[PDB]
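Below is one structure, written out as structure tokens; the observations come after it.
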Amino acid sequence: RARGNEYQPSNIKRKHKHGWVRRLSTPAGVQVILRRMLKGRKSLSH
Amino acid sequence: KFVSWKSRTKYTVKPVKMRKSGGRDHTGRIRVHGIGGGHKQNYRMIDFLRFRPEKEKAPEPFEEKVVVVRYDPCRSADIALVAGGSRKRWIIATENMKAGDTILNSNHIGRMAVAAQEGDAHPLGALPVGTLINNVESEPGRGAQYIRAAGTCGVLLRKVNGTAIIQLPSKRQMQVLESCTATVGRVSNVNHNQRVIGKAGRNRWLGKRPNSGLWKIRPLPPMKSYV
Amino acid sequence: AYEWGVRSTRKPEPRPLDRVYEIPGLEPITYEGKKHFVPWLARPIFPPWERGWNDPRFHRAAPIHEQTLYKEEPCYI
Amino acid sequence: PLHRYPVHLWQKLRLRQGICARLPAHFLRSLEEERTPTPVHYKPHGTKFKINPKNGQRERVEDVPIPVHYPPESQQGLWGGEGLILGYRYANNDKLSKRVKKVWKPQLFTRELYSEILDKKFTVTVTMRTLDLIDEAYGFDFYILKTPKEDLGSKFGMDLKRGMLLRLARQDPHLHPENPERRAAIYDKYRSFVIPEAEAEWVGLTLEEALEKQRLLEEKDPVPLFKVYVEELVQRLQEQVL
Amino acid sequence: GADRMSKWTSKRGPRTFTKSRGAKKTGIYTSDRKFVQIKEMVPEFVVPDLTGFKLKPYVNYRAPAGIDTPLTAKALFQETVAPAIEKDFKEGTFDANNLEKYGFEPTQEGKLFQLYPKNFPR
Amino acid sequence: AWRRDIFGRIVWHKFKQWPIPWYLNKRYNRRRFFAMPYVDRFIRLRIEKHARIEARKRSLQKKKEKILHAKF
RNA sequence: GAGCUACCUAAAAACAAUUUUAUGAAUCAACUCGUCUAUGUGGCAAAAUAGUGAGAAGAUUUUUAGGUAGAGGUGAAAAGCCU
RNA sequence: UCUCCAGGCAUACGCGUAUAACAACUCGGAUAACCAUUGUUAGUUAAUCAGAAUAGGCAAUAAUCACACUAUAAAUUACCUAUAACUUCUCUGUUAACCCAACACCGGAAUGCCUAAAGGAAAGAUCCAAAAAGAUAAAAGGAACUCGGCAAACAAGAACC
RNA sequence: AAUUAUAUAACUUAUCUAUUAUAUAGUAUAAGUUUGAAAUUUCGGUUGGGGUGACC
Ligand SMILES: [Mg+2]
Ligand SMILES: [Mg+2]
Ligand SMILES: [Mg+2]
Ligand SMILES: [Mg+2]
Ligand SMILES: [Mg+2]
Ligand SMILES: [Mg+2]
Ligand SMILES: [Mg+2]
Ligand SMILES: [Mg+2]
Ligand SMILES: [Mg+2]
Ligand SMILES: [Mg+2]
Ligand SMILES: [Mg+2]
Ligand SMILES: [Mg+2]
Ligand SMILES: [Mg+2]
Ligand SMILES: [Mg+2]
Ligand SMILES: [Mg+2]
Ligand SMILES: [Mg+2]
Ligand SMILES: [Mg+2]
Ligand SMILES: [Mg+2]
Ligand SMILES: [Mg+2]
Ligand SMILES: [Mg+2]
Ligand SMILES: [Mg+2]
Ligand SMILES: [Mg+2]
Ligand SMILES: [Mg+2]
Ligand SMILES: [Mg+2]
Ligand SMILES: [Mg+2]
């Protein structure tokens, strides 16, 4: 079949998988934010 | 995120909605293969402690009336709604139970043998040796755990002093105190073993996923040149 | 005697009290002053809270036996 | 660039600035000092010199303590300095065999112990070593009071010390009430450990607990500047009248 | 392919997602979904009578501006409280207990407008 | 009040009005005003990052004055 | 990292006409699939088009949200699938 | 106005101003016209469409026009007892030719209603060479073609391993 | 295949409790033994090329 369209957008799924609240739930996710803040990212999370 | 559906504290006769597992545990991983989908079902809270006196009543033999003998999706046997006093409770039905029958639930330990009528619950001491029994409990007050399937009846082989020997359906002999309560008779749906599934779809209606397609004596040193 | 309600689904028992409370004469140091939880200080014990007035949206009734119309004799309705 | 101070000095500099500076001087000494715990899991060298057998010459010897892991469960009991030894072994005890991870664990028992100064019985997780130490100390109360923090190695144990020291320091009449004679005997028996009331309060406090205590002590709501200016005006007016 | 940089608003997302634009609430939602507006929760604009008011938006360029002296607690205290205490002290009718006589408030509780924590908007 | 957030910074926290005390609110108790030890490395990296910027900033000003003095 | 895909949980949907019967039955749409040939081969397409075909009330198909994660998961075993 | 083609209108999800007017004619549309491009100004209006008090007691009897009818895979807050309150309309979604496939991609894309009253244009101009692709017709013969009836057919029937 | 293997399972001796006349029970641990879920590493040479052989 034709590939390349593995992305089926959904705002509920997106904010649940990669959102602010999700990232802070576990210590490893908090360190994801810490790295991005140190790097200077304009977007810490979705 | 797995929260067990078995969270209802209080007994009721209303059928309760069940959530299916799929063979997976609270971790989310398969722990048993071959379970999945099937028909949606409701759980009717069975009561296996036959001699449960009604609340605020004395502990002596009582009687109950059989309202209906019904099909149960969650077990091989069939269930009977029984009413006595102001209480209704589901119970397992014996081979010959019909609506309108009356069944005794006795606490008294008969010093002599008591005539056995199918469906009545008596302590093993009361019953005579050889009587077919079902819904046996290991210890007084525990509740019935053995001989609870369809048409499965065990025998009471022997009674000596304060204990008796029970022959479980597997032919494995078990021993229990004569105070334990055992229901008389067979367990109904005796032909369950005669049922024919017929088509692969029928097992997928009962929640049975198909089997997977994947298709030991170490010799001692003195006997390795002959292997 | 099968009891309905699997233990996992029951509300969990309160956490065991800090051992500093056992020792008599000793005043525990807790995070009450900070006004927030911290894992390395002792857990405060607060007295029951009274709003000082009745809020209709959060009314809570008295138990059955404390009701004015409570009667020991049973009425079948 | 470079930091001004080596990283190992950072903790000392932190204690020396801010609210940490205002903490009691005696309390800081306990924080500052580091003392090795009494050997538990290794045999110390009796002497400072030994004769090397291979070459038959005298060579210096030193004691290197084993690294021991103290699970947080230990801080709620009284282990007598014992802990977990996380290390490796050689299979079959030859260094030409494989190196295998090994963990040596203390044998833990639950025992109930009575404190005279507190007049209470505690149920504690304990090792056979801890019981031996109490026997050598001639009493449970003596064990807690004699043993130092490094040897004690338990936050529960250190809290017991503060209560006992505070009990003795204040001569609290809450001990065996209605029996001044019985109380008097207990306090007399442990008279050697009496210390001033102010010091005993800060015994066994962690740095965070100590800091919260200090913040509570000096916490004060501001003074309405109405009063402050009133005080100044009255003083000036009174002085002029003089 | 979702946009990570633009602001999350109620226009985005499914219908179930809703959130406010910063307008203050004026009522309560009871069970069965009934909105009950509270009259006290709705702000009231206190507008004065401007009839006979001599001040207009702009000022004469000929009007001299003044030297800036931002108000300080000392300046407020001296203008208002000093005259009374000084006169009273000479009269001798002064004590620490009666500071309320000169306008001091020991506590802000019970006042409609509390200076801390502020309980009124601009 | 002055509080430390979960990322290890010191931030002024502005209080909010609630009808119940803090120990009874469950939405307030989810907010954490402390940092776990895994933040310690990131605390040092911020200080070192800031020190580099300031050192560069001082160096540049010194170089600029050299240009001024040569020019004037 | 399970918005693809494998499997699962919960809550929902779709199936005309015709003949059999009382159905994992038949003919054949919608829908699902991808047998054979041709075109295409930097193409419309990093797997399509046009025809021809298989299933089409079921172990059917589809929608939404959740679960299982790499020493692992899933698997009607193709060492398939896990962007 | 004529000639011809035959999935259109809504909602969900998604997207995020591509909406509309004017002015521009550089960039973008695989070329022009014209704009989907650039700049400026505007826009989507809801009490019905759509989104967002406490404590006890208790439930046997599917659905399918639910009657008959059997069946098997066995299948959806209410009603009561007391307590408490004793007149309320704010907030948010609303545009478009749109989304996922690097593109104005012959692909992918759920549901309701309907099947032309809605929606559309296969040819920039010319020329009719070869080779190549597709459709239709075939004198006489009818598998002699070919690895093989592949492909096609005015055929689509019968049997056997 | 070689080297290991507090994966599970078992026993044995201590350690710690209960009891008992020495004794049978159990066991937040240590030391053995048995079982082996696993883990790590390797794939000498010469011989139209592949069986075996052989050879160094
Ligand atoms: Mg991609
Ligand atoms: Mg999808
Ligand atoms: Mg097989
Ligand atoms: Mg999914
Ligand atoms: Mg049909
Ligand atoms: Mg069919
Ligand atoms: Mg077909
Ligand atoms: Mg067919
Ligand atoms: Mg499959
Ligand atoms: Mg195979
Ligand atoms: Mg991939
Ligand atoms: Mg336009
Ligand atoms: Mg124009
Ligand atoms: Mg424009
Ligand atoms: Mg609505
Ligand atoms: Mg619209
Ligand atoms: Mg193109
Ligand atoms: Mg039209
Ligand atoms: Mg055209
Ligand atoms: Mg042409
Ligand atoms: Mg033709
Ligand atoms: Mg011809
Ligand atoms: Mg030929
Ligand atoms: Mg042939
Ligand atoms: Mg053909």
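Values in this text are rule-based calculations from the coordinates and carry no lab data. Backbone-built Cβ (ideal geometry, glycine too); neighbour counts: all protein chains shown.
Observations on the structure shown:
- Cα-based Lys proximity count in segment D:124-242, under 24 Å, for pairs eight or more positions apart or on separate chains: 9
- Counting only DSSP beta bridges with both residues in the protein assembly as shown, the antiparallel share comes to about 95 percent.
- Of the GluC sites (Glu not before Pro) found in segment D:140-242, those that fall in a DSSP loop while having at most 14 other beta-carbon atoms within 10 Å are D:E178, D:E219.
- Within chain E, the longest run free of GluC sites (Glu not before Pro) that sit in a DSSP loop with at most 12 other Cβ atoms within 10 Å is E:45-108.
- Mean projection area, nm², convex hull over Cα of chain D: 27.7 nm²
- For the peptides F:16-28, B:168-180, the ranking by packing is B:168-180, F:16-28, with the highest mean count of neighbouring Cβ atoms within 10 Å listed first.
- Chain D, relative contact order in percent, only Cα pairs under 8 angstrom and at least six apart counted: 15 percent
- Chain C - convex hull of the alpha-carbon atoms, volume per residue in Å³: 322 Å³
- For D:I134, net neighbour charge (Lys/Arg +1, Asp/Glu -1) across residues whose Cβ lies under 15 Å away: -3
- Sorting D:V61, B:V160 from the fewest to the most surrounding beta carbons within 10 angstrom yields B:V160, D:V61.
- Cβ-based exposure ranking for B:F48, F:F15, in which fewest neighbours within 10 Å come first: F:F15, B:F48
- Cα shape, segment B:1-113, gyration tensor, a/c 1.5 rule: prolate
- Tail weight of P(r) past 24 Å, computed on alpha-carbon pairs of segment D:102-215, percent: 31 percent
- Seen from all directions on average, chain F presents a Cα convex hull projection of 7.9 nm².
- Simple Cβ-charge dipole of the protein assembly as shown, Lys/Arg +1 and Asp/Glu -1, about Cα centre, in debye nearest 20: 7460 debye
- Around the Cα centre of segment E:1-120, unit charges on the Cβ atoms of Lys, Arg, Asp and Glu (plus for the first two, minus for the last two) sum to a dipole of about 1440 debye.
- Exercise: per-residue mean of other protein chain Cβ atoms within 10 Å, C:39-50: 2
- Dipole size of segment B:1-128 about its Cα centre, with +1 on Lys/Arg Cβ and -1 on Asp/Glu Cβ: approximately 1160 debye, rounded to the nearest 20.
- Listed by chain and number, the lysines whose C-alpha is less than 16 Å from the C-alpha of F:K14, apart from same-chain residues fewer than 8 away, are C:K34, C:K35, E:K118.
- Calculated over the protein assembly as shown: convex hull of Cα atoms, volume per residue (Å³): 567 Å³
- Charge-dipole axis of the protein assembly as shown as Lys and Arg at +1 and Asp and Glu at -1 on Cβ define it, positive-most pick from B:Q173, D:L207, D:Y229: B:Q173
- Averaging 1/r over every pair of different alpha carbons in chain B and inverting the result gives a Kirkwood radius of 20.3 Å.
- Along chain E, longest interval not containing exposed chymotrypsin sites (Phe, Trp or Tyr not before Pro), exposed being DSSP loop plus at most 11 other Cβ atoms within 10 Å: E:62-112
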